[PDB]
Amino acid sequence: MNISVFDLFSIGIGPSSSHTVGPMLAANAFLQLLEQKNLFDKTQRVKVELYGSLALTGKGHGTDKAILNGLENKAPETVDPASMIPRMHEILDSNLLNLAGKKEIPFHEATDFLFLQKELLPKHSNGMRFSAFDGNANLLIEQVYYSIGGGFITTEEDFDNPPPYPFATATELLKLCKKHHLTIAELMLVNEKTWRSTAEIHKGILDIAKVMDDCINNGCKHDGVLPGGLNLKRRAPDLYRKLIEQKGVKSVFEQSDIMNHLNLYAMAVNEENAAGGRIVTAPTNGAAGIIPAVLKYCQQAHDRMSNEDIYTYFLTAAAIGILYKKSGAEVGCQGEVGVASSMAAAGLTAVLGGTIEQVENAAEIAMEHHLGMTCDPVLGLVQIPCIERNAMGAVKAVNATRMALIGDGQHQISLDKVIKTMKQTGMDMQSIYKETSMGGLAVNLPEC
């Protein structure tokens, strides 16, 4: 298996890769299967069934909203986030769905959109079935999809091009860099060029950077109360006014320093995510705050930041991502926010001039400081503790960087060891369950 920077960082929408983006793509792919199989013209009814962990937290994650819009051919990277709620409301009030954006058809939630919290499909807990029927109520087709993380999906029947410098461990990564006289980012570039041209790769990285920067500004401006039931006030816009626009009275805890700026940038992004705005996974929507907050700090700190520093930051980040990833890859929040902090740490460190060993050392400290972190967020939403974790995660990633540079790389433990610990604490998590009000499921599976 080959993993790309563009697998780790993808443009979609919030609040959840597993529960928002994946089901929206599964819906898009259901439309395509109707075409493939020549059943679209006969189809006069669609039915959606959500199982297990999709059904239990789907409402708070906008799974229904994502799927309904996706059935009209809205894609998560391009849909207008502001349209999702009004459009969903229109479909349900009017009992009509514009299937594939080509054909209106009747749609009744009582029979057509079911939440089966107490049933499971057997490959994975994030399961759904789509069904289409003719005007005579005959079943034309059914298809089960699993949302397996990051917004990737598979069919039930699919559930179970080599680059020049492939690597599976931290140790093999250093060994290859040494032997070919490359940085971590340079080695990555060579690998990414197996699948794309240098100009695709470079353009893809700046697009990601631009969307992150817009999401930060959107977060800084959108006052509001988050949905889903915690009445969680968005904090980033007031904090923006205090620290950037010199309005209102700074509290004793609201000083304008490096840390509260990391806080501002991360919370802005994760607040957008929770609200359903455009988001770049990094590597998931839940962990999305950390990488841009850090990149943005890096920008405000050295305004001679070049395009090549930006490439290096992303490719270095990607490399570390790969170490951790390369479907029972579910290891709790450490495999998301943890991996985001480690990636960001490694990127900043490479850009600030660390050796190969210091880049790993930095990643290692950042991860160390998340080992064991589970996913049991309050009511199922990507809000508490998720939002405070990205802030906390941005700050840890900068400090891990500082430890690795100030420490001259001395304060280090093998990154391969820290990855082994991630994987074992992750397995142990299969036996720790949420409250049976949250459905009594294991805490190794990310909600985001």
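In this text, residue numbers run from 1 along the sequence as written.
- The entry shows a gap from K326 to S327, with 4 to 9 unmodelled residues of the deposited sequence in between.
- According to the entry, the deposited sequence places 4 to 9 unmodelled residues between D160 and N161.
- The deposited model assigns a higher average Cα B-factor to 28 to 36 than to the other stretch when 28 to 36 and 386 to 394 are compared.
- Higher average CA B factor: 189 to 197, of the stretches 210 to 218 and 189 to 197.
- Between the residues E360, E119, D309, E72, the entry's highest C-alpha temperature factor is the one at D309.
- Note on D93, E364, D376, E336: the highest value goes to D93, judged by CA B factor as recorded.
- The entry lists a Cα temperature factor for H369 that places it in the lowest third of the chain's modelled residues.
- Ranked against the other modelled residues of its chain, the C-alpha B-factor of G224 as given in the entry falls in the highest third.
- Among all modelled residues in this chain, the alpha-carbon of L445 has a temperature factor (C-alpha) in the lowest third.
- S256: CA B factor lies in the highest third for its chain, per the PDB record.
- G58: CA B factor lies in the middle third for its chain, per the PDB record.
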